[PDB]
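Asker: Could you have a look at this structure, given as structure tokens, before my questions?
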Ligand SMILES: [Zn+2]
Ligand SMILES: [Zn+2]
Ligand SMILES: [Zn+2]
Ligand SMILES: [Zn+2]
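Right, here's the structure in full:
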């Protein structure tokens with residue numbers, strides 16, 4: 003279960019670089035130089051890194067300082083063979099974004115948010131990023147009167163449309179991916195789930211330029227089934243990027259290493275990504291717990307990748323098992339994949355076997371055999387066949 007760059011594993015600079023500051027606690031680790039993170043991640047078998055503008059260049063840097071930071075980062079990438087497949091903008095840390103970036107009530111803040119984003123899109127393209135993520139963590143409200151949501155969605159659409167106009171005007175191939183989250187740090191965050199983001203994207207002027215970057219923990223913070231959400235995103239052709247970590251149910255965003263939290267959901271996620279042939283980065287957005295020192299940080303990062311590879315093996319074994327294939331037929335998964343009425347509406351209406359002569363009792367009596375199928379899945383996950 004040793005990862006290599008061919009496995010496409012990526013990490014945010016802000017993940018392994020998390021200093022351990024939480025709402026009730028000060029930092030437990032010193033800041034990392036992005037250069038050292040690139041080196042350490044490469045040694046572990048990572049394929050690349052991702053960044054917020056403010057992770058790579060200290061906020062407020064001069065053009066000269068900016069150039070020097072990028073120069074050192076570029077050298078680390080060249081020294082290691084590491085890539086930068088995705089970037090994003092920090093529109094949440096600075097107090098100016100306390101009511102949002104793109105949907106701040108203050109118009110001047112919204113304009114600044116767009117300019118800050120655009121500047122980093124240029125840099126992202128320069129560093130080779132194919133995906134530009136937006137997490138609207140400050141977009142929302144703690145109280146009902148503070149945010150007219152229809153107005154806010156108008157502003158959100160305007161922002162994304164402008165960003166699409168910009169990339170098109172520069173001939174960039176980069177695409178956007180919205181990363182949903184239901185709450186935290188706002189009481190309620192706009193576009194709170196994969197569903198809400200997907201629906202919003204359909205109203206953008208150039209919908210083809212936008213997808214989702216769903217995070218395991220975030221959908222789980224709404225008690226939702228992450229594999230189900232990913233399936234809907236795939237069904238819509240919008241899984242542009244994936245965001246991997248762990249979470250124990252409905253509480254604050256834990257960002258545990260991937261495999262931690264809901265282990266069986268991680269199994270079914272890997273099963274789906276591999277079955278669907280998802281070809282993008284396998285990106286980790288996780289926090290090594292603040293209990294850890296730097297050795298613990300790298301152990302937690304290594305664990306992300308190891309757990310993906312273990313689950314990939316077990317899912318593949320599950321699907322390849324002739325006994326499982328038989329169980330899938332017993333549970334009529336084959337029938338699920340067949341059209342309900344390829345014969346058409348009129349034929350359906352005229353088909354007495356569909357209603358007038360349908361034996362509902364005989365159909366009802368047929369067990370689905372899902373428990374046997376699921377215990378085969380459990381046995382495969384646990385290596386207990
Ligand atoms: Zn690649
Ligand atoms: Zn500096
Ligand atoms: Zn998270
Ligand atoms: Zn994330």
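Residue numbers (PDB author numbering): 3 to 387.
Backbone N, C-alpha and C fix where the C-beta goes; we use that ideal spot for every residue, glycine too.
1) In the DSSP assignment, find the beta strand (DSSP E) that holds residue 246 and state where it starts and stops.
2) Within this structure, are the beta carbons of residue 191 and residue 184 separated by less than 8 Å?
3) Buried or exposed for residue 188, please, with buried defined as at least 16 other CB atoms from any protein chain shown within 10 angstroms of its CB.
4) Does DSSP classify residue 321 as helix, strand or coil?
5) Do residue 48 and residue 75 have their C-beta atoms within less than 8 Å of each other?
6) Any residue with its C-beta under 7 Å from a non-hydrogen atom of ligand 3 counts. Can you list them all in chain order?
7) Between the stretch 270-278 and the stretch 304-316, do at least 3 Cβ pairs fall closer than 8 Å?
8) Measuring CB atoms only, is the stretch 332-349 touching the stretch 293-308, in the sense that at least three cross pairs come out at less than 8 Å?
9) What are the boundary residues of the alpha helix (DSSP H) that includes residue 162?
10) On the three-pair Cβ rule with 8 Å, is the stretch 84-98 touching the stretch 121-137?
11) Quick check: the stretch 282-290 against the stretch 13-33, are at least 3 beta-carbon pairs closer than 8 Å?
12) Using CA coordinates, which residue listed in 384, 300, 104 and 375 is at the minimum distance from residue 269?
13) Please confirm if the stretch 215-231 is in contact with the stretch 155-167, defined as three or more CB-CB distances below 8 Å between the two stretches.
14) Between 113, 84 and 123, which has its C-alpha nearest residue 157's C-alpha?
15) With respect to the beta strand (DSSP E) encompassing residue 14, which residues constitute its N-terminal and C-terminal limits?
16) Consult DSSP for residue 67 and reduce its assignment to one of helix, strand or coil.
17) Using the C-alpha atoms, what's the distance from residue 326 back to residue 255?
18) Where does residue 84 fall in DSSP's three states?
19) Quick check: the stretch 237-254 against the stretch 208-222, are there 3 or more CB pairs under 8 Å?
20) With a 10 Å radius around its C-beta and 16 neighbouring C-beta atoms as the bar for buried, classify residue 43 as buried or exposed.
21) To the nearest angstrom, how far is it from the Cα of residue 203 to the Cα of residue 387?
22) Do you know how far the Cα of residue 372 is from the Cα of residue 380?
23) Would you grab the beta carbon distance between residue 21 and residue 29 for me? Rounded to a whole angstrom, and I think it's under 8 Å.
Answerer: The structure says:
1) Membership of residue 246 in the beta strand (DSSP E) is indicated by the continuous run 244-246.
2) In contact: residue 191 and residue 184 (Cβ atoms closer than 8 Å).
3) A residue is called buried once 16 or more other Cβ atoms fall within 10 Å of its Cβ, and residue 188 is buried on that count.
4) Secondary structure at residue 321: helix, using DSSP grouped into helix, strand and coil.
5) No, these two residues do not count as a Cβ contact at 8 Å.
6) Here the list is 183, 217, 219, 220, 247, 255, 257 and 287.
7) Yes, they touch.
8) Counting Cβ pairs under 8 Å, fewer than three are found: no touch.
9) That run of the alpha helix (DSSP H) goes 151-171.
10) Result yes; three or more Cβ-Cβ pairs closer than 8 Å.
11) These segments touch.
12) For the residues 384, 300, 104 and 375, the minimum Cα distance to residue 269 belongs to 384.
13) Touching, no.
14) Residue nearest to residue 157 within the set 113, 84 and 123 is 113 (criterion: CA-CA distance).
15) Where residue 14 is concerned, the enclosing beta strand (DSSP E) stretches over 11-14.
16) It is helical.
17) Their backbone Cα atoms lie some 35 Å apart in a straight line.
18) Residue 84 falls in the coil class under three-state DSSP.
19) With three or more CB-CB distances shorter than 8 Å, the stretch 237-254 counts as touching the stretch 208-222.
20) Label assigned to residue 43: buried.
21) Near 44 Å, if we compare the C-alpha coordinates of residue 387 and residue 203.
22) When rounded, the distance between both Cα atoms is 12 Å.
23) 4 Å between Cβ atoms; contact.
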